[PDB]
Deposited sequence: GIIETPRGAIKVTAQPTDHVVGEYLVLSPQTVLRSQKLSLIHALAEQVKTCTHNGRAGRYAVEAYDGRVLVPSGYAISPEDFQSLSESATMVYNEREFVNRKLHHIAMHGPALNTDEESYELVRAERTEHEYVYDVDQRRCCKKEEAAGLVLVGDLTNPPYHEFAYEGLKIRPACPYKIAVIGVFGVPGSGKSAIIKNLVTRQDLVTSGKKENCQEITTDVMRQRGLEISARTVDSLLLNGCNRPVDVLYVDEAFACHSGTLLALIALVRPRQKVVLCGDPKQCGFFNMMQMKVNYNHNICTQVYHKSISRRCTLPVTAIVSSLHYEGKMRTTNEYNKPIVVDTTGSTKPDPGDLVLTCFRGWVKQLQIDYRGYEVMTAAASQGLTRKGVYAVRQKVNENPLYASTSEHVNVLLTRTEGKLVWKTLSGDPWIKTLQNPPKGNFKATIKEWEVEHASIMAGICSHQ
């Protein structure tokens, strides 16, 4: 395609020969690297090849049709590129299993080559089309397993066909800060039926709609970012609220804003120290830029207990995080195992694979991963760890554990095996004065509400 640089922006125009998904031009990494005027995303092209050909050489998607600021161009390119390559990656892996057989002894073995008419899986990997589809779209031999059930990677790919390629100019207020500090409370307190609430997290959506109804008697419908990107916005919007905004790449947020076209402003609420977006290819991310025109910070939690605040303040928030919660009972460590969950406890674990056995172990209880719980408040958390090893989700710096510990406003049980390195920190949280007064919180909050409403 053609690439221009009208001062001081970048414009890519696709030509009739070009491979295009919606408004995004599909380019090979080398084509990007040959182009001097695309040098602002050469790090992206290099990162695409380093995680594809070595692990063609992948693809780089670029927004076309509009003069875009360089920073937005970078963000939109990187975000759309990750979606495209993740779909290719998953499908290529499935294609490898179907043609070369599974790699033992991995989870590749849990896939089954089956005839499309003899399976009951709703979605299916079609070996002739080289993509995942509904079972009734496939004819003959198909591969069936967890990545095809459902094929999120295909859903996200199809969403690229409607992804905006030109940022929407509007005020973007960021409210960032520590867990439990009232970022989501702001959305629940200010949302009107003329607004749109989105969330980077699915369970957080239901928490919002329920809390707005219970607290303000107002029926709203919060949607995930993915739901909006994958399904569009078919009504005018005054304020766009994005909760758990740091779970999404900046270019995804730009695409969401241009899809919604809010008439007044955008408010992003989030915490970069909690779970973000992961790339299954673990590509180095270069262009997750700040897109806010104003940024406010919250350092005082209302939810998190003193023992938990002491731990995550020290690990993740440079000791600046405090809490107004007076709960200071010790965290219960169970390696024996001497404990059972009480009614109302949220049962949490870091691994999706362990959720199955825990649901059986604790029928009637809420059970989910730490990552899926992000944004929720619970009276008690019953965390279970089935195995102790060097998995990064349980590392000391893990954002997953950060989220897990900060879900409770009171009791926390950590059920694990002896030798769990986390036991030391849990039974001996860092010392310090991590307590704040309610009015310190109120004056911090007032500064943010003054700026949001200004």
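Undergrad: Counting from residue 1 of the deposited sequence, where are the gaps with no C-alpha coordinates?
TA: Residues missing from the model, as numbered along the full deposited sequence, span 56 to 64, 464 to 465.
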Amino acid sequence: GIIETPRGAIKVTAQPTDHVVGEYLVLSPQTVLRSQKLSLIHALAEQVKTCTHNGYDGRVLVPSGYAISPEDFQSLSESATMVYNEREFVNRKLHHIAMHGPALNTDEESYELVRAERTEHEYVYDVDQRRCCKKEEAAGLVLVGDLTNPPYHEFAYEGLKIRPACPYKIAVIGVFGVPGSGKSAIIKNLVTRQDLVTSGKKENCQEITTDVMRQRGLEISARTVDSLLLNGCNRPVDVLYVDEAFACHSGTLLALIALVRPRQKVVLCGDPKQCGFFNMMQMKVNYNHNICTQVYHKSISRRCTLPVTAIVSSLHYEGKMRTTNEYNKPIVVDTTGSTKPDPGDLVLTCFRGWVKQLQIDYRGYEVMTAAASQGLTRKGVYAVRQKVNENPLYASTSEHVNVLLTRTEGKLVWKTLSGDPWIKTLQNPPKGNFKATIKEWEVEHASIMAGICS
From here on, numbers count along this sequence of modelled residues.
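Undergrad: Comparing average C-alpha B factors as deposited, tell me which of 131 to 139 and 71 to 79 sits higher.
TA: Of 71 to 79 and 131 to 139, the stretch with the higher C-alpha B-factor average is 131 to 139.
Undergrad: Would you determine, from the values in the PDB entry, which of 328 to 336 and 238 to 246 has the greater average C-alpha temperature factor?
TA: It is 328 to 336 that shows the higher mean C-alpha B-factor.
Undergrad: Using the entry's values, work out which of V403, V62, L412, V48 has the largest Cα B factor.
TA: In the PDB entry, the greatest C-alpha B-factor among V403, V62, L412, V48 is found at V48.
Undergrad: Whose CA atom has the top B-factor in the entry, of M368, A116, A156, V312?
TA: Checking the PDB record, the top C-alpha B-factor among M368, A116, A156, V312 is at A116.
Undergrad: Among the modelled residues of its chain, does the C-alpha B-factor of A165 lie in the lowest, middle or highest third?
TA: Middle third of the chain for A165's C-alpha B-factor.
Undergrad: Using only modelled residues of the chain, where does the Cα B factor of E86 rank: lowest third, middle third or highest third?
TA: Lowest third.
Undergrad: Compare the C-alpha B factor of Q206 with those of the other modelled residues in its chain, then answer lowest, middle or highest third.
TA: Tercile = middle for this residue's CA B-factor.
Undergrad: Sort the modelled residues of this chain by their C-alpha B factor and say whether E390 lands in the lowest, middle or highest third.
TA: Highest third - that is where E390 ends up once the chain's C-alpha B-factors are sorted.
Undergrad: If you rank the chain by CA B-factor, which third does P150 end up in: lowest, middle or highest?
TA: Ranked within chain, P150 CA B lands in the middle tercile.
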